[PDB]
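Shown next, in structure tokens, is the structure this report addresses.
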């Protein structure tokens, strides 16, 4: 809320899409997602470890969390209850090929 | 000696109380400190770890230049890496970015 109303959020992010992507997230992990996205957006300026002094008014006067930051953040926070849909997703890793029509019929059934 | 980097781009100064018993809760303006620094010492050569005694409104402080960045005239961006080595030296200018940090004692507010 404050992020948006202080003109600190890009115009690209679509919250409906994000709400659709986070399937089994509970209430206490969306906060982690926001924190991780903010950390990603912040790390592009300070460059902690490689070299300091890059913090200057120009870089910090246009901070804006984009959509790519959230997608990157989706690789750090992981559900704790949605741990069995991943296994189902790994069982069809070889991919589906419709070598015939009986396959389509059974799927339709 | 330097060839091109003859001016001071960014200078970091650690500020400490010379006398521990003279600690004052007065609010020190960093802009005034920089203005006094430029006003009293102009076109001087300074190197990292060099010490100075500053008299500001009757208060005596020990200043240690923790790091220095040397830049050449005409460099729009400070792409030069900030050097902590005593080899680097520069000439003070009325535009050098002066960053003040707490001294190792950590008493100056």
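A few comments on the model shown:
- Distance-filtered residues of the stretch A:49-76 - backbone nitrogen under 19 Å, label point 7 angstrom along residue A:90 Cα→Cβ: A:75-76
- Considering only B:80, B:25, B:47, the Gaussian network model of chain B with Cα springs below 10 Å gives its largest mean-square fluctuation to B:25.
- Inter-site label distance for residue A:83 and residue B:32 at 7 Å from Cα along Cβ, in nm: 6.0
- Here the stretch A:41-60 is scanned for amide nitrogen atoms under 12 Å from the site 7 Å beyond the Cα of residue B:77 along Cα-to-Cβ, giving A:59.
- Here each label is just a point 7 Å from Cα along the line to Cβ, and for residue B:6 and residue B:94 those points are 1.8 nm apart.
None of the figures in this text is laboratory data; all of them are computed from the coordinates on show. Neighbour counts are summed over all protein chains in view; Cβ atoms, including those assigned to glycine, are modelled from backbone coordinates with ideal geometry.
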